[PDB]
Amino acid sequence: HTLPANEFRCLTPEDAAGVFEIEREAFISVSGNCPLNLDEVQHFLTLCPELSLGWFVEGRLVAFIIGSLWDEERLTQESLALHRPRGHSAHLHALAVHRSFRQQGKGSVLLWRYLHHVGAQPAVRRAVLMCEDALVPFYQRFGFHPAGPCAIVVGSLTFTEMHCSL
């Protein structure tokens, strides 16, 4: 009978459109490319929805994290489009907050909830992601440790790999 003020839940393929719209402004508008295109988000939201998390305000998505499992120490080009069911690493492919809602704890809150949520599942022993040099200190506030240049290639941008033990 009503839209909740704030709702945190795992995503489903139907949320595919919403997340892509957020990415268009968060990533594409800034680099001409984005972590996951509509098909790649549907993919992960189909095989591993439990590895995703979204914040909805009044029925609209305002923040999300899309992940999958990985089974290797470091991230590689192929990990970009894979889900290793037997992996013990939660690979965060994308983390973004809607333009009109940034700078007010949302990202930090979603990330901590995500960490505990995924860390609830005993199989998952670690969380990994790629990030721009300027966000390294941000992720360190969460227990992540810089782990050198990430091997993954994307246009001309450079990334530092971050590893967090759960």
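Note that residue numbering follows the sequence shown and begins at 1. Heads up, when I say rigid core I mean the largest set of C-alphas that superpose within 1.5 Å between the two forms.
Engineer: Taking C-alpha RMS after core alignment, which stretch differs more from the shown form in 5 other deposited structures of this protein: 18 to 26, or 153 to 161?
Structural biologist: After superposing on the rigid core, the more displaced stretch in 5 other deposited structures of this protein is 18 to 26.
Engineer: Comparing C-alpha positions in 5 other deposited structures of this protein against this form, with the rigid core used for the fit, which stretch differs more, 58 to 66 or 104 to 112?
Structural biologist: Larger mean C-alpha displacement, comparing 58 to 66 and 104 to 112 in 5 other deposited structures of this protein, is found in 58 to 66.
Engineer: Going by the average Cα B-factor in the PDB entry, point out whether 153 to 161 or 140 to 148 comes out higher.
Structural biologist: Comparing 153 to 161 with 140 to 148, the higher mean C-alpha B-factor belongs to 153 to 161.
Engineer: Quick one: higher average CA temperature factor, 121 to 129 or 105 to 113?
Structural biologist: So the stretch with the higher mean C-alpha B-factor is 121 to 129.
Engineer: Looking at the C-alpha B-factor of residue 91, is it in the lowest, middle or highest third of its chain?
Structural biologist: Residue 91: CA B-factor falls in the lowest third of its chain.
Engineer: According to the PDB entry, is the CA B factor of residue 52 in the bottom, middle or top third of its chain, that is, lowest, middle or highest?
Structural biologist: Its C-alpha B-factor, which the entry lists for residue 52, ranks in the lowest third among residues of this chain.
Engineer: Using the B-factors in the PDB entry, rank residue 32's C-alpha atom against the chain and give the third, lowest, middle or highest.
Structural biologist: Highest third of the chain for residue 32's C-alpha B-factor.
Engineer: In terms of the CA temperature factor given in the entry, to which third of its chain does residue 45 belong: lowest, middle or highest?
Structural biologist: Middle third - that is where residue 45 ends up once the chain's C-alpha B-factors are sorted.
Engineer: Where does residue 134 sit by CA temperature factor within its chain: lowest, middle or highest third?
Structural biologist: For residue 134, whose C-alpha B-factor we compare with every modelled residue in the chain, the answer is the highest third.
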